[PDB]
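In what follows, a single structure is set out as structure tokens and then discussed.
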Number of protein chains: 2
Amino acid sequence: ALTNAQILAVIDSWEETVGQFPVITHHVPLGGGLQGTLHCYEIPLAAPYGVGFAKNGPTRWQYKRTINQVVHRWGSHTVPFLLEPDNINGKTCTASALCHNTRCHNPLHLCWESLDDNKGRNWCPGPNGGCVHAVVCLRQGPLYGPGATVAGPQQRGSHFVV
Amino acid sequence: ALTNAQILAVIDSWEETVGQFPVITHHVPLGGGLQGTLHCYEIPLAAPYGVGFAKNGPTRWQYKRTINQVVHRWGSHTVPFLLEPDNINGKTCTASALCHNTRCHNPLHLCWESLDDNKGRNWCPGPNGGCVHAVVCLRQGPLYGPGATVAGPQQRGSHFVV
DNA sequence: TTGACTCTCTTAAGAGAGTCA
DNA sequence: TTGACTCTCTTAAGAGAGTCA
Ligand code: NA
Ligand code: NA
Ligand SMILES: [Zn+2]
Ligand SMILES: [Zn+2]
Ligand SMILES: [Zn+2]
Ligand SMILES: [Zn+2]
């Protein structure tokens with residue numbers, strides 16, 4: 001809600017509930033042929049999910065609290081960042097899952113950045129493979145690699161140059 | 001159904017028309033602090049665009065040919081790949097602009113790959129900065145870099161471990 | 001046969017808000 | 001107040017199809 005005290009209360013309440021979510025260990029590529037371990041705090045697959053949480057889509061949830069008899073609701077991954085600017089360079093700030101695990105709500109696996117930065121982490125080589133993100137990646141992106149291109153650049157005639 | 005000859009004729013007509021688009025020289029980052037040159041053949045900003053071309057959206061165009069009284073239409077960037085498979089690994093193949101210049105229709109600047117591979121090139125370090133794309137990038141992606149993250153992973157209490 | 005417009009849809013990273021009990 | 005559902009929207013890389021003359 002409006003007051004700093006109320007916001008801190010929201011963050012602390014959210015952390016307590018998510019702190020009780022099942023902790024699941026995931027072993028992950030770091031880049032450079034190295035492997036690491038992440039501990040994700042995963043929201044349940046079906047109701048009940050936890051105090052204040054409800055599912056609004058297959059892998060979308062919201063956190064709800066009643067303050068001053070008014071209902072305040074936020075995207076379930078956004079709560080750690082309620083005290084942060086909600087935009088940057090004219091772009092909306094988004095909750096960005098460093099572990100690439102949508103059910104995870106571990107705030108140590110989340111950052112707050114533009115949707116472009118967020119998406120781009122899917123192709124990052126990872127913290128031991130050359131990641132240059134200022135807020136460093138926790139793992140190599142799931143989509144990093146040579147790709148599966150069907151056809152490359154080509155022309156039939158002689159009208160074009162690179 | 002259009003024959004291979006008819007399809008080849010469509011590709012030849014497209015190349016002949018696009019080859020007359022204005023050719024614009026762009027200096028671009030290659031990665032590794034190096035600079036290169038790309039020559040883009042750019043569709044005009046407003047009508048007329050060229051024989052067979054029409055704008056269906058702000059930066060979307062289609063190419064149309066009528067053959068034996070039947071109207072055929074294709075996405076304007078897809079024509080170089082009409083003789084290629086149209087899906088791979090169960091994913092639709094898409095025209096992927098290696099020059100990251102949407103108005104460009106230079107077929108030497110296009111490849112044919114899944115939408116995920118396509119998008120991921122936005123963050124590639126480039127052909128001289130460590131690109132691992134099997135069909136190599138022509139330049140460093142416009143979104144490669146440290147990013148502009150507003151807040152990193154953090155907790156208020158002690159409920160979480162990484 | 002052709003040009004110049006119109007509209008809506010896909011994907012996978014993200015969101016807001018309403019209806020009931 | 002709290003829980004468990006419903007619906008649609010945003011972005012930036014990509015698409016298909018209709019109307020009229
Ligand atoms: Na993400
Ligand atoms: Na692209
Ligand atoms: Zn996680
Ligand atoms: Zn990274
Ligand atoms: Zn180009
Ligand atoms: Zn590349």
Side-chain angles (χ1 to χ4, degrees), chain A residues 8 11-12 15-16 18-20 23 37-39 41 80-81 83-85 87-89 91 93 96 98 106-114 116-117 119-125 130 132-136 138 141 143-157 159-162, chain B residues 8 11-12 15-16 18-20 23 37-39 41 80-81 84-89 91 93 96 98 106-114 116-117 119-125 130 132-136 138 141 143-157 159-162:
Chain A
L8 288 203
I11 302 176
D12 291 334
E15 283 190 5
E16 182 123 285
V18 169
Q20 291 323 291
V23 187
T37 302
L38 303 183
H39 301 95
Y41 290 63
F81 308 110
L83 279 187
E84 292 302 322
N87 78 107
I88 181 44
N89 283 344
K91 295 143 198 293
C93 284
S96 175
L98 296 175
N106 188 344
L108 303 182
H109 293 183
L110 296 172
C111 67
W112 192 240
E113 60 191 359
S114 73
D116 269 344
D117 281 354
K119 289 158 148 172
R121 294 187 189 265
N122 296 348
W123 295 272
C124 185
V132 295
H133 286 101
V135 172
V136 70
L138 291 182
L143 303 183
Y144 166 89
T149 305
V150 166
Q154 58 194 88
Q155 71 181 317
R156 305 227 325 129
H159 294 305
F160 303 100
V161 299
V162 186
Chain B
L8 290 201
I11 296 170
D12 291 340
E15 284 193 1
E16 170 159 358
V18 170
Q20 295 171 71
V23 200
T37 298
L38 298 180
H39 306 97
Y41 291 64
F81 309 112
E84 304 289 336
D86 57 271
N87 58 62
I88 181 80
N89 297 318
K91 300 162 192 306
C93 291
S96 176
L98 295 175
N106 185 347
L108 300 183
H109 287 185
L110 298 166
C111 67
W112 192 235
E113 60 191 4
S114 79
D116 267 343
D117 288 352
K119 290 172 171 170
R121 292 186 193 265
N122 288 352
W123 296 271
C124 189
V132 304
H133 289 100
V135 167
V136 65
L138 292 180
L143 303 179
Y144 166 94
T149 307
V150 171
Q154 49 180 78
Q155 68 180 317
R156 278 183 40 85
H159 297 287
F160 303 103
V161 299
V162 200

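Note that these values count all heavy atoms, side chains included, but never hydrogens, waters or copies made by symmetry. Letters A, B, ... are given to chains in the order of the sequence lines, protein chains preceding strands, and every chain is numbered from 1.
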Given a strict heavy-atom distance threshold of 4.5 Å, which part of [X] is in contact with chain B: side chain, backbone, both, or neither?
X: A:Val18; value: both
X: A:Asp116; value: both
X: A:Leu98; value: side chain

Would you name the heavy atoms of [X] and [Y] that are closest together and state the gap between them?
X: B:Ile88; Y: A:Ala148; value: CG2-O, 3.9 Å
X: A:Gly152; Y: B:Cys111; value: CA-CB, 4.2 Å
X: A:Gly145; Y: B:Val132; value: O-CG2, 3.7 Å

- Please determine, among A:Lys91, A:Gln20, A:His39, A:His109, the option with the most heavy-atom pairs under 4.5 Å with chain B.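 Ranked by heavy-atom pairs under 4.5 Å with chain B, first place is A:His39.
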- Query: In Å, rounded to the nearest 0.5 Å, how long is the span from OG1 of B:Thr149 to CD of A:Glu84?
  - Reply: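 Those atoms lie 11.5 Å apart.
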- Query: What is the distance from atom CD of A:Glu16 to atom NE2 of B:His159, rounded to the nearest 0.5 Å?
  - Reply: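 Reported value, rounded in 0.5 Å steps: 4.5 Å.
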- Task: Could you pull out all residues at least two apart from B:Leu108 that satisfy side chain to side chain contact (heavy atoms under 4.5 Å, CB included)?
- Result: A:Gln155, A:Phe160, A:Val162, B:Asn106
- Not counting sequence neighbours, which residues clear ring pair (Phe, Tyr, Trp, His ring centres under 6.0 Å) with A:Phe81? List them please.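 Ring pair (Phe, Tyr, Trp, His ring centres under 6.0 Å) list for A:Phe81, sorted by chain: A:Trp112.
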- Query: What part of B:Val136 lies closer than 4.5 angstrom to a heavy atom of chain A: side chain, backbone, both or neither?
  - Reply: neither
- Tell me, side chain or backbone of B:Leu143 under 4.5 Å from chain A's heavy atoms, or both, or neither? side chain
- Item | Residue selection (most heavy-atom pairs with chain A, distance under 4.5 Å) from B:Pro107, B:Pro125, B:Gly19 | B:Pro107
- Mark yes or no for whether A:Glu15, through its side chain, and B:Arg156, through its backbone, hold a donor-acceptor pair below 3.5 Å. yes
- Spell out, as yes or no, whether a donor-acceptor pair under 3.5 Å connects the side chain of A:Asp12 to the backbone of B:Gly157. no
